[PDB]
Amino acid sequence: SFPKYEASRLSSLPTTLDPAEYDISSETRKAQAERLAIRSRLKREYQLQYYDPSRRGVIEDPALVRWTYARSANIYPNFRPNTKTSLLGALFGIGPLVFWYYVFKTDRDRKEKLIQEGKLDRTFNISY
Amino acid sequence: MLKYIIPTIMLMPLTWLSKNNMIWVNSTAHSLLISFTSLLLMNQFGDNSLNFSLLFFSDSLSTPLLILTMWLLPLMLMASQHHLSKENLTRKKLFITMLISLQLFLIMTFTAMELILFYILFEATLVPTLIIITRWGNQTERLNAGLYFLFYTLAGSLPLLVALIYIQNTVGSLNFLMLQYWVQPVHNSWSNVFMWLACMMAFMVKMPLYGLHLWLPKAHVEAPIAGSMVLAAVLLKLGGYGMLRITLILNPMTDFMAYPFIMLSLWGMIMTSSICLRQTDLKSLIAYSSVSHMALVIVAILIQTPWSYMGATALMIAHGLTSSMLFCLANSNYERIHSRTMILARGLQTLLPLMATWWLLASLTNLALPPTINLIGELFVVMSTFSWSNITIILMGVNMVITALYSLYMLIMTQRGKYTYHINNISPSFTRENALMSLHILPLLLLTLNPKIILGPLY
Amino acid sequence: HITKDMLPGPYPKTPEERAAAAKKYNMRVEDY
Amino acid sequence: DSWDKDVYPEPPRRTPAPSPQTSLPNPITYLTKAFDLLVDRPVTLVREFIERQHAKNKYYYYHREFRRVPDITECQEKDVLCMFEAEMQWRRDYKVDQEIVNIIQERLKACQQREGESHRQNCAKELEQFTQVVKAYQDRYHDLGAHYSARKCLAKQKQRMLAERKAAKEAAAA
Amino acid sequence: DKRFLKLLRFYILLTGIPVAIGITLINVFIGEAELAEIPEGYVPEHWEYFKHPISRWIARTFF
Amino acid sequence: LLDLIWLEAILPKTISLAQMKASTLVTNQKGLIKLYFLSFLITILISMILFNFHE
Amino acid sequence: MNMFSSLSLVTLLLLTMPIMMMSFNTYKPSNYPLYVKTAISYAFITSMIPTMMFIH
Amino acid sequence: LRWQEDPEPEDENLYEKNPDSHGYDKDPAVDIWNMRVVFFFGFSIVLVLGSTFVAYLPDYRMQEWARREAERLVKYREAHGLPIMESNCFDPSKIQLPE
Amino acid sequence: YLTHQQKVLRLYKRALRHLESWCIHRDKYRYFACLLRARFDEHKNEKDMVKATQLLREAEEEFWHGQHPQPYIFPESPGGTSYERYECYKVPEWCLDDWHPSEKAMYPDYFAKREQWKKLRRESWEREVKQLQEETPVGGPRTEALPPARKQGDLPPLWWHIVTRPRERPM
Amino acid sequence: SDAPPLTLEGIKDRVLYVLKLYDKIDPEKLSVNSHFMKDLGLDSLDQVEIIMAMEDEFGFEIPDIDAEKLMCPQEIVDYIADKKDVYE
Ligand SMILES: [Zn+2]
């Protein structure tokens, strides 16, 4: 009685229950060899200056620069006012403002009616 | 006010007539004397404001803003002494002249009795500011940040000029004292809806209002350190100061015209405060923190209650010393690693023990730790808005939680954790840097002992 | 120093564009 | 000697007498003797010396008295030199009345602590004044906004008077 | 870090100790003023409405 | 979505984009006298026939 | 009351001496942990005189 | 190359030539003086004397004068049996209501 | 990746450790530890890939169902209470270069030796870089391993940051 | 932290002291260089248990990527002394 492990976006599939880890062919083994080749080609370039004794400063990391550039400067040129963006923008953008506007107008309209009729308690209210 | 205008002008001869290696010493020393003499403006009375002449006056709203403005100038000179060292001598002097020219316009802006003399100087603090951003930045984006900083402000200011001249044609004058006794109610008509929208739009761009704020993450980020300090500490308060005055002649239309801006500010608080949670740039994270803090200022000003006005004045002063400190702190790291990315240098508390203390104090003031004046002002605006509508306590509360998250996240991300291995050029903190932070934080905490001098004319 | 070719760009459509992107990101043309 | 005793009333003191029904020594009394000999004595001697130095050089400061001037119900429209006089007067009164409420609040707060558990019954007099002064303050200095002025206060007063003179007719015309 | 803190302590106390001593002497040997009714037919100067000696000095010299 | 895309897309970018398009129309001219003067005739006729500036 | 009031605040002030003294470099290192411990000891006694006066 | 340009200069550490540097200037003689003016004028003139000046300001916005005046009125009001505070701020005899 | 032999070796150690969590007591753990080893020896000889993979993959499912919700973790192992408890003291050694000379004179012997190591590092660098340019394939390295020193007067390539690293209990 | 500092002699003794308490190794043919597979005749599954007993002995965990690569009584001493920073 071993129920399957159902995964969610917040609970990744264990590497020991993933079928891809137990049906391995020659092509996958070759692929894993060149994943380690890049992981080893990039490592040395970091090491050839990490260990350099005449180096004082910051080792520029292009991967870091691209990450920050993608988050800030490369968003608008890749923006297309398609159907998804227009609905999401109107919903997230204009939605809350219109929602809160009527939450406060109704609350203030209700409160104004009482204060003009005397049935609102303001006995000790002299700080506003 | 001539006792402050002339000495400010005399710094320019001092810089241009000093020995080549004493430009910073002489300018810094005498700019500190002008700050010392600025305390003479605290002769305020409880009924009548200090009226020097037909042109200049000084009430309790502009007195702390004059004291703050004159006190940052020595701090801007200290902050600029590193990245300008390998610069031409004639260009170093011109840089200092722009800062001095900026101060000269600011101390006349906060003291102008006429609203058109105010406008001319209020709009004159764009040439010295724009030139600093564009000529003494570091990235290619300074030029595009100058254009955004320029055409956002002018697009709002020009209608204000038409509106002020229209008011002069009808009321008879734009002297602020006269307007108090000649003010008339603003009847509800489509014409007055657009007079209202021209008397408040120029100021809300500079606050800035959510939506009209895309120039702040650009200008405050791309500008030099001195530009960042003045931009985020004295130049965002021009809109706040003008609004506190221009709302005098916009009653009772402000009762219903304020909703779309109270709603943008209240909801703009959460959005801007949430962006900080996910910023890759340390300097940009601090820039958005000003949009979230100044949102309360707009809400407080608009709802027009004696408690809100007291809070807005305290918030503006408190935000001035805190944002400047954070930019200076973020600039200390930048001058070592030459990168604004917040995840590049970590664990700096292990290498800079004292500088990590300054980070804590700035962060604690930013998240409104009581009894700092960052909390007195923020507390007052919350009390005022609760009486305005009890539901606003929810939006204010959420902002406090998000504010604590991004303030400590900035501290933890850069100071704690394991230091970056390949960063081996973290020089011990200079006396200039330590003294620069001590000049921000010590005045901020001392004000907690005598807070009455920053609560404005409603005290 | 980082140049234009070392920075993220538009969505890659043609297979050659995919390979250029993958090489730029230090991935494999298959993983990317 | 000290603060006037009429603004801040003080109920007469009533100290129970010591009635020791135990042979053991009382720690408080022995501690009290030590405090009055190691703390109260040198403090008194130091204060007396300091007080003597004042007697040699005695100088006085006075309480500014503001001559009453015409109020905002006597200034012609757009006459600034008269409104300015009236507005400053109204501002000083606004500040003084802000302090009257504070004094009455201090009376109410002192009563609650002084009366201890029996504060609900024995602090009704102060609570009765606080309810009346606050109402008076709320009538003349409330809902005026951050840009308050003698004109706005007058406008509120007349609106209140009109409704009082209006509802009185229907209420009184039985 | 130690050197800066030493300099901060030195310069804070450079004009702080004289002020702490100066304020102590002024209070001890000059004391504050005593409230009294304004004598009839007399116009006090604007700085005589303030209690502490330093408050009066500020008013008389600068304000 | 709301700070790098849409708040940029409505006010700054669209306003800036339109000015570029307007600028091209005004300046994309062929430099021929025959066509410049032909427009002067249109303005004169439009002034008198449409706007009645001659009355 | 004179004794109750003075000894209630001295308890609070006594706990701030180690912080104040350590700020202006007016202590001896390697003895601070024992300095703070002793201050808590005397603060405890001073807090019992108001307590006994309340119990009475 | 695409042009003739200088190389990115290395940042010069100020603790190499002058290991006692305050970080102000690369000249040790002027480096100390820039430190003295900042510390003296900054800390010993503005923060110390300025705080002392602020502490002993003449009555600021007459918040202490308002107290003395209120004590008089409450005394006079209660001594002669008058309301502590009248709900009308302006005498309703110099006011001419409409209608 | 990990060979099928490696996977069983890991699943054996990990299975024992979680079993130790449940049993706690040594006598109880020992009794069920020998039984657990019994279930491995019996199938330890079969050499059919389908049967080997099927047995291992099925063993993983049983382990993930019977695992302890809160297994024992060694104090300094990842996830433990004392993990990284001393990373706030591991100041890198290059920080010593910026010490003021007035405090470098408190340790005249130590900094004297530090100069020997710093000199011993400048001399041996150019040789190390050359060695990696002659033992490296055309394109680039394909494995994460460094060669040893093949001649007297040569230290292992890329040794400074593995030798001069901070200690486990710096203070 | 008020604990004895490990020594090269001490680590070696305890490692041998443990292997001399395993009922698959001869306590009189065991030297500090006796291979666990060829000079002593044990399988890998018995090698996993040896590392566990050593890791339980010294109160820390040896990673699998390094546990399987250590097959000698000396490789367990040069490894532990390397992790615990023992030089004499
Ligand atoms: Zn630098």
# chains A, B, ... in the order shown; residues from 1 in each chain; ligands from 1

$ closest_atom_pairs --of "chain C" --to "chain A" --cutoff "7 Å" --atoms "only C-alpha atoms" --output "CSV"
residue,atom,partner,partner_atom,distance
C:7,CA,A:66,CA,5.5
C:8,CA,A:66,CA,6.2
C:10,CA,A:78,CA,6.2
C:26,CA,A:38,CA,6.9

$ residues_around --residues "residue J:6" --least-positions-apart "2" --cutoff "12 Å" --atoms "only C-alpha atoms" --output "list in words"
residues 3, 4, 8, 9, 10, 11, 12, 13, 14, 58, 77, 80, 81, 82, 83, 84, 85, 86, 87 and 88 of chain J

$ interface_residues --of "chain D" --to "chain A" --cutoff "9 Å" --atoms "only C-alpha atoms" --output "short mmCIF file (atom, residue, chain, number, x, y, z; two decimals) with N, CA, C and O atoms, in the first residue's frame"
data_model
loop_
_atom_site.label_atom_id
_atom_site.label_comp_id
_atom_site.auth_asym_id
_atom_site.auth_seq_id
_atom_site.Cartn_x
_atom_site.Cartn_y
_atom_site.Cartn_z
N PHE D 130 -15.66 67.26 32.58
CA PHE D 130 -15.01 66.85 31.34
C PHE D 130 -16.02 66.66 30.22
O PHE D 130 -15.70 66.90 29.05
N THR D 131 -17.24 66.22 30.55
CA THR D 131 -18.26 66.04 29.52
C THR D 131 -18.79 67.37 29.02
O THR D 131 -19.24 67.46 27.87
N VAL D 134 -15.60 69.50 27.12
CA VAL D 134 -15.33 68.86 25.83
C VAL D 134 -16.42 69.22 24.83
O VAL D 134 -16.13 69.50 23.65
N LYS D 135 -17.68 69.21 25.26
CA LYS D 135 -18.77 69.62 24.37
C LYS D 135 -18.60 71.07 23.95
O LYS D 135 -18.81 71.41 22.78
N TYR D 137 -15.74 72.72 23.77
CA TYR D 137 -14.62 72.74 22.84
C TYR D 137 -15.01 72.15 21.49
O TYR D 137 -14.63 72.69 20.44
N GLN D 138 -15.77 71.06 21.50
CA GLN D 138 -16.16 70.43 20.24
C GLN D 138 -17.06 71.34 19.41
O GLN D 138 -17.08 71.23 18.18
N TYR D 141 -14.41 74.49 18.03
CA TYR D 141 -13.12 74.20 17.42
C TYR D 141 -13.08 72.78 16.85
O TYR D 141 -12.11 72.04 17.05
N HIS D 142 -14.12 72.38 16.14
CA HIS D 142 -14.16 71.04 15.56
C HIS D 142 -14.66 71.11 14.13
O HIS D 142 -15.46 71.97 13.77
N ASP D 143 -14.17 70.18 13.31
CA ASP D 143 -14.54 70.06 11.90
C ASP D 143 -14.13 71.29 11.09
O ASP D 143 -14.64 71.51 10.00
N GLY D 145 -11.01 71.83 9.94
CA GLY D 145 -9.97 71.48 9.00
C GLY D 145 -8.61 72.02 9.39
O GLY D 145 -8.43 72.70 10.40
#

$ residues_near_ligand --ligand "ligand 1" --cutoff "8 Å" --atoms "only C-alpha atoms and all ligand atoms" --output "VMD selection string"
(chain B and resid 82 to 83 334 to 338) or (chain H and resid 11 to 12)

$ interface_residues --of "chain H" --to "chain B" --cutoff "6 Å" --atoms "only C-alpha atoms" --output "list in words"
residues 22, 23, 34, 37, 46, 61 and 62 of chain H

$ write_last_selection --atoms "C-alpha atoms" --output "compact mmCIF listing (two decimals), in the first residue's frame"
# COMPACT_ATOMS: atom_id res chain seq x y z
CA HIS H 22 40.78 59.39 6.77
CA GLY H 23 39.51 59.00 3.21
CA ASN H 34 39.32 68.10 6.15
CA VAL H 37 36.57 70.82 10.04
CA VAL H 46 25.99 72.25 15.25
CA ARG H 61 4.92 78.83 19.83
CA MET H 62 3.73 79.99 23.27

$ residues_around --residues "residue C:18" --least-positions-apart "2" --cutoff "12 Å" --atoms "only C-alpha atoms" --output "PyMOL selection string"
chain C and resi 9-16+20-25+27-32

$ atom_distance --atom1 "atom CA of residue G:43" --atom2 "atom CA of residue D:114"
27.7 Å

$ interface_residues --of "chain I" --to "chain A" --cutoff "8 Å" --atoms "only C-alpha atoms" --output "PyMOL selection string"
chain I and resi 1+53+57+60-62+65+121-122+125+129+140-144+158+160-161

$ select_by_dssp --residues "chain F" --states "alpha helix (DSSP H)" --output "PyMOL selection string"
chain F and resi 6-8+14-27+33-49

$ write_last_selection --atoms "N, CA and C atoms" --output "CSV table (one decimal), in the first residue's frame"
chain,number,residue,atom,x,y,z
F,6,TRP,N,2.8,48.9,-18.2
F,6,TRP,CA,1.6,49.7,-18.4
F,6,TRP,C,1.6,51.1,-18.0
F,7,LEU,N,2.1,51.4,-16.8
F,7,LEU,CA,2.3,52.8,-16.5
F,7,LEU,C,3.3,53.5,-17.4
F,8,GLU,N,4.2,52.8,-18.0
F,8,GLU,CA,5.0,53.3,-19.1
F,8,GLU,C,4.3,53.4,-20.4
F,14,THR,N,3.4,56.2,-25.3
F,14,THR,CA,2.5,56.5,-26.3
F,14,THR,C,2.6,58.0,-26.7
F,15,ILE,N,2.7,58.9,-25.7
F,15,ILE,CA,2.9,60.3,-26.0
F,15,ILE,C,4.2,60.5,-26.8
F,16,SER,N,5.3,59.9,-26.4
F,16,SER,CA,6.5,60.0,-27.1
F,16,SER,C,6.4,59.4,-28.5
F,17,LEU,N,5.8,58.2,-28.6
F,17,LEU,CA,5.7,57.6,-29.9
F,17,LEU,C,4.9,58.5,-30.9
F,18,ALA,N,3.8,59.1,-30.5
F,18,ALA,CA,3.0,59.9,-31.4
F,18,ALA,C,3.8,61.1,-31.9
F,19,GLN,N,4.6,61.7,-31.1
F,19,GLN,CA,5.4,62.9,-31.5
F,19,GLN,C,6.4,62.5,-32.7
F,20,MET,N,7.0,61.3,-32.5
F,20,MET,CA,7.8,60.8,-33.6
F,20,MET,C,7.1,60.6,-34.9
F,21,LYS,N,5.9,60.1,-34.8
F,21,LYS,CA,5.1,59.9,-36.0
F,21,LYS,C,4.7,61.2,-36.6
F,22,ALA,N,4.3,62.2,-35.8
F,22,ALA,CA,3.9,63.5,-36.3
F,22,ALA,C,5.1,64.2,-36.9
F,23,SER,N,6.3,64.0,-36.2
F,23,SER,CA,7.5,64.7,-36.8
F,23,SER,C,7.8,64.2,-38.2
F,24,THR,N,7.7,62.9,-38.4
F,24,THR,CA,8.0,62.4,-39.7
F,24,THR,C,7.1,63.0,-40.8
F,25,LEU,N,5.8,63.1,-40.5
F,25,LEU,CA,4.9,63.7,-41.5
F,25,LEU,C,5.3,65.1,-41.9
F,26,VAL,N,5.6,65.9,-40.9
F,26,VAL,CA,5.9,67.3,-41.2
F,26,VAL,C,7.3,67.4,-41.9
F,27,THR,N,8.2,66.6,-41.6
F,27,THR,CA,9.6,66.7,-42.2
F,27,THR,C,9.8,65.8,-43.4
F,33,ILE,N,9.5,72.8,-55.3
F,33,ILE,CA,8.7,74.0,-55.3
F,33,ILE,C,7.3,73.8,-55.8
F,34,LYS,N,7.1,72.9,-56.8
F,34,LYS,CA,5.8,72.7,-57.4
F,34,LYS,C,4.8,72.3,-56.3
F,35,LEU,N,5.2,71.5,-55.3
F,35,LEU,CA,4.3,71.0,-54.3
F,35,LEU,C,4.1,71.9,-53.2
F,36,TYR,N,5.2,72.6,-52.7
F,36,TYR,CA,5.0,73.6,-51.6
F,36,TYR,C,4.0,74.6,-52.0
F,37,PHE,N,4.2,75.3,-53.2
F,37,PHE,CA,3.3,76.3,-53.6
F,37,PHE,C,1.9,75.8,-53.9
F,38,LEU,N,1.8,74.6,-54.3
F,38,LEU,CA,0.4,74.0,-54.5
F,38,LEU,C,-0.3,74.0,-53.2
F,39,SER,N,0.3,73.8,-52.1
F,39,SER,CA,-0.3,73.9,-50.8
F,39,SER,C,-0.8,75.3,-50.4
F,40,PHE,N,0.0,76.3,-50.8
F,40,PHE,CA,-0.4,77.7,-50.5
F,40,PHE,C,-1.8,77.9,-51.1
F,41,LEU,N,-2.0,77.4,-52.3
F,41,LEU,CA,-3.3,77.6,-53.0
F,41,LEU,C,-4.4,76.9,-52.2
F,42,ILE,N,-4.2,75.8,-51.6
F,42,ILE,CA,-5.2,75.0,-50.8
F,42,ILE,C,-5.5,75.9,-49.6
F,43,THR,N,-4.5,76.4,-48.9
F,43,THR,CA,-4.8,77.2,-47.7
F,43,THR,C,-5.6,78.4,-48.0
F,44,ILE,N,-5.3,79.1,-49.1
F,44,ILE,CA,-6.1,80.3,-49.5
F,44,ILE,C,-7.6,79.9,-49.8
F,45,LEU,N,-7.8,78.8,-50.5
F,45,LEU,CA,-9.1,78.4,-50.9
F,45,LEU,C,-9.8,77.9,-49.6
F,46,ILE,N,-9.1,77.1,-48.8
F,46,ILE,CA,-9.7,76.6,-47.5
F,46,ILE,C,-10.1,77.8,-46.6
F,47,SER,N,-9.2,78.8,-46.6
F,47,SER,CA,-9.5,80.0,-45.8
F,47,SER,C,-10.8,80.7,-46.2
F,48,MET,N,-11.0,80.9,-47.5
F,48,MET,CA,-12.1,81.6,-48.0
F,48,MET,C,-13.4,80.8,-48.0
F,49,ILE,N,-13.2,79.5,-48.4
F,49,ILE,CA,-14.4,78.7,-48.7
F,49,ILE,C,-14.9,78.0,-47.4

$ residues_around --residues "residue J:56" --least-positions-apart "6" --cutoff "10 Å" --atoms "only C-alpha atoms" --output "NGL selection string"
(:I and (74)) or (:J and (50 or 62))

$ write_last_selection --atoms "C-alpha atoms" --output "short mmCIF file (atom, residue, chain, number, x, y, z; two decimals), in the first residue's frame"
data_model
loop_
_atom_site.label_atom_id
_atom_site.label_comp_id
_atom_site.auth_asym_id
_atom_site.auth_seq_id
_atom_site.Cartn_x
_atom_site.Cartn_y
_atom_site.Cartn_z
CA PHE I 74 23.89 15.53 12.86
CA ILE J 50 32.11 1.07 8.71
CA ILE J 62 30.75 11.96 5.99
#

$ residues_around --residues "residue E:60" --least-positions-apart "5" --cutoff "12 Å" --atoms "only C-alpha atoms" --output "list in words"
residues 43 of chain B; 45, 46, 47, 48, 49, 50, 53, 54 and 55 of chain E; 57 and 58 of chain H

$ interface_residues --of "chain E" --to "chain G" --cutoff "10 Å" --atoms "only C-alpha atoms" --output "list in words"
residues 5, 6, 8, 9 and 10 of chain E

$ write_last_selection --atoms "N, CA, C and O atoms" --output "CSV table (one decimal), in the first residue's frame"
chain,number,residue,atom,x,y,z
E,5,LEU,N,35.4,56.3,16.4
E,5,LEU,CA,34.6,56.5,17.6
E,5,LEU,C,35.4,57.3,18.7
E,5,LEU,O,34.7,58.1,19.4
E,6,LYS,N,36.7,57.2,18.8
E,6,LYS,CA,37.5,58.1,19.7
E,6,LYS,C,37.4,59.5,19.2
E,6,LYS,O,37.1,60.4,20.1
E,8,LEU,N,34.9,60.8,17.5
E,8,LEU,CA,33.6,61.2,17.7
E,8,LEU,C,33.4,61.6,19.2
E,8,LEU,O,32.7,62.6,19.5
E,9,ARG,N,33.9,60.8,20.1
E,9,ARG,CA,33.8,61.1,21.5
E,9,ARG,C,34.6,62.4,21.9
E,9,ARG,O,34.1,63.2,22.6
E,10,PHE,N,35.8,62.5,21.3
E,10,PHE,CA,36.6,63.7,21.6
E,10,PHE,C,35.9,65.0,21.2
E,10,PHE,O,35.8,65.9,22.0

$ closest_atom_pairs --of "chain A" --to "chain F" --cutoff "12 Å" --atoms "only C-alpha atoms" --output "tab-separated table"
residue	atom	partner	partner_atom	distance
A:70	CA	F:4	CA	11.9
A:71	CA	F:4	CA	9.7
A:72	CA	F:4	CA	7.7
A:73	CA	F:4	CA	8.8
A:74	CA	F:4	CA	9.7
A:75	CA	F:4	CA	7.0
A:76	CA	F:5	CA	5.7
A:77	CA	F:5	CA	9.3
A:78	CA	F:5	CA	9.6
A:79	CA	F:5	CA	6.9
A:80	CA	F:5	CA	9.3
A:81	CA	F:6	CA	8.9
A:82	CA	F:6	CA	11.9
A:84	CA	F:1	CA	10.7
A:85	CA	F:1	CA	7.5
A:86	CA	F:6	CA	8.8
A:87	CA	F:1	CA	10.9
A:88	CA	F:1	CA	8.0
A:89	CA	F:1	CA	6.4
A:90	CA	F:6	CA	9.3
A:91	CA	F:2	CA	10.5
A:92	CA	F:2	CA	7.9
A:93	CA	F:2	CA	6.5
A:94	CA	F:2	CA	10.0

$ interface_residues --of "chain A" --to "chain B" --cutoff "8 Å" --atoms "only C-alpha atoms" --output "PyMOL selection string"
chain A and resi 50+56-59+68+71+96-97+100-101+104+107-108+127-128

$ write_last_selection --atoms "N, CA, C and O atoms" --output "CSV table (one decimal), in the first residue's frame"
chain,number,residue,atom,x,y,z
A,50,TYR,N,40.0,33.6,-9.7
A,50,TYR,CA,39.8,33.5,-8.3
A,50,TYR,C,41.1,33.3,-7.5
A,50,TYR,O,41.3,33.9,-6.5
A,56,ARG,N,42.9,42.1,-7.5
A,56,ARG,CA,42.1,42.7,-6.4
A,56,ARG,C,40.9,43.4,-6.9
A,56,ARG,O,41.1,44.4,-7.7
A,57,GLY,N,39.8,43.0,-6.6
A,57,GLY,CA,38.6,43.6,-7.1
A,57,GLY,C,37.4,42.6,-7.2
A,57,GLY,O,37.4,41.6,-6.4
A,58,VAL,N,36.5,42.8,-8.1
A,58,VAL,CA,35.3,42.0,-8.3
A,58,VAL,C,35.4,41.3,-9.6
A,58,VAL,O,35.7,41.8,-10.6
A,59,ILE,N,35.1,39.9,-9.5
A,59,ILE,CA,35.1,39.1,-10.7
A,59,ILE,C,33.7,39.3,-11.4
A,59,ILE,O,32.8,38.7,-10.9
A,68,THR,N,20.0,40.6,-13.9
A,68,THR,CA,19.4,41.9,-13.6
A,68,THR,C,19.0,42.7,-14.8
A,68,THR,O,18.0,43.4,-14.7
A,71,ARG,N,15.5,41.5,-15.7
A,71,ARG,CA,14.4,41.9,-14.8
A,71,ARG,C,14.0,43.3,-15.0
A,71,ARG,O,12.9,43.7,-14.7
A,96,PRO,N,-8.3,47.2,-8.2
A,96,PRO,CA,-8.3,47.6,-6.8
A,96,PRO,C,-8.6,49.1,-6.5
A,96,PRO,O,-9.3,49.4,-5.5
A,97,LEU,N,-8.2,50.0,-7.4
A,97,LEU,CA,-8.5,51.4,-7.2
A,97,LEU,C,-10.0,51.7,-7.2
A,97,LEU,O,-10.6,52.4,-6.3
A,100,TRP,N,-11.5,50.0,-3.9
A,100,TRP,CA,-11.3,50.7,-2.7
A,100,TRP,C,-12.1,52.0,-2.7
A,100,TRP,O,-12.6,52.5,-1.7
A,101,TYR,N,-12.3,52.6,-3.9
A,101,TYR,CA,-13.0,53.9,-4.0
A,101,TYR,C,-14.4,53.8,-3.5
A,101,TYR,O,-14.9,54.6,-2.7
A,104,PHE,N,-14.7,53.2,0.4
A,104,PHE,CA,-14.5,54.4,1.2
A,104,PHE,C,-15.6,55.5,1.0
A,104,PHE,O,-16.1,56.1,2.0
A,107,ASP,N,-18.6,54.1,2.9
A,107,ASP,CA,-18.3,54.3,4.4
A,107,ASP,C,-18.4,55.8,4.8
A,107,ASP,O,-19.0,56.1,5.9
A,108,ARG,N,-17.9,56.7,4.0
A,108,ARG,CA,-18.0,58.1,4.3
A,108,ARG,C,-19.4,58.7,4.1
A,108,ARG,O,-19.9,59.5,4.8
A,127,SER,N,-10.2,65.3,18.8
A,127,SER,CA,-9.0,65.1,18.1
A,127,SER,C,-9.4,64.5,16.8
A,127,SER,O,-9.9,63.4,16.7
A,128,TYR,N,-9.0,65.1,15.6
A,128,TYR,CA,-9.4,64.6,14.3
A,128,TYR,C,-8.3,64.9,13.3
A,128,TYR,O,-7.3,65.4,13.7

$ residues_around --residues "residue D:68" --least-positions-apart "6" --cutoff "10 Å" --atoms "only C-alpha atoms" --output "number ranges by chain"
D: 85-86, 89

$ residues_around --residues "stretch 81-97 of chain H" --least-positions-apart "5" --cutoff "10 Å" --atoms "only C-alpha atoms" --output "NGL selection string"
(:D and (71-74 or 90 or 93-94 or 97 or 100-101 or 104 or 129 or 132-141 or 150 or 153-154 or 156-162 or 165)) or (:H and (70 or 73-76))

$ interface_residues --of "chain E" --to "chain I" --cutoff "12 Å" --atoms "only C-alpha atoms" --output "list in words"
residues 1, 2 and 3 of chain E

$ closest_atom_pairs --of "stretch 19-72 of chain D" --to "stretch 18-36 of chain E" --cutoff "12 Å" --atoms "only C-alpha atoms" --output "tab-separated table"
residue	atom	partner	partner_atom	distance
D:46	CA	E:28	CA	10.4
D:47	CA	E:28	CA	9.5
D:48	CA	E:28	CA	10.9
D:49	CA	E:28	CA	8.9
D:50	CA	E:28	CA	5.5
D:51	CA	E:28	CA	7.9
D:52	CA	E:29	CA	8.8
D:53	CA	E:29	CA	5.2
D:54	CA	E:31	CA	5.5
D:55	CA	E:30	CA	9.1
D:56	CA	E:30	CA	8.6
D:57	CA	E:30	CA	6.3
D:58	CA	E:33	CA	7.3
D:59	CA	E:33	CA	5.5
D:60	CA	E:34	CA	4.7
D:61	CA	E:35	CA	5.2
D:62	CA	E:35	CA	5.7
D:63	CA	E:35	CA	7.4
D:64	CA	E:35	CA	11.0

$ select_by_dssp --residues "stretch 41-256 of chain B" --states "strand (DSSP E or B)" --output "list in words"
residues 50, 51, 56, 57, 58, 112, 114 and 175 of chain B

$ interface_residues --of "chain H" --to "chain E" --cutoff "8 Å" --atoms "only C-alpha atoms" --output "PyMOL selection string"
chain H and resi 39-40+43-45+48-49+56-59

$ decode --residues "stretch 18-23 of chain J" --atoms "N, CA and C atoms" --output "JSON list (two decimals), in the first residue's frame"
[["chain", "number", "residue", "atom", "x", "y", "z"],
["J", 18, "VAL", "N", 37.59, 1.15, 16.73],
["J", 18, "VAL", "CA", 36.27, 0.76, 16.26],
["J", 18, "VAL", "C", 36.36, -0.46, 15.35],
["J", 19, "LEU", "N", 37.27, -0.42, 14.37],
["J", 19, "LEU", "CA", 37.41, -1.55, 13.46],
["J", 19, "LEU", "C", 37.81, -2.82, 14.19],
["J", 20, "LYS", "N", 38.49, -2.69, 15.32],
["J", 20, "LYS", "CA", 38.81, -3.84, 16.16],
["J", 20, "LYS", "C", 37.62, -4.29, 17.01],
["J", 21, "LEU", "N", 36.46, -3.66, 16.84],
["J", 21, "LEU", "CA", 35.22, -4.10, 17.48],
["J", 21, "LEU", "C", 34.16, -4.48, 16.45],
["J", 22, "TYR", "N", 34.58, -4.82, 15.23],
["J", 22, "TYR", "CA", 33.68, -5.23, 14.15],
["J", 22, "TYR", "C", 33.89, -6.72, 13.92],
["J", 23, "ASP", "N", 32.80, -7.49, 13.97],
["J", 23, "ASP", "CA", 32.93, -8.94, 13.89],
["J", 23, "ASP", "C", 33.03, -9.41, 12.44]]
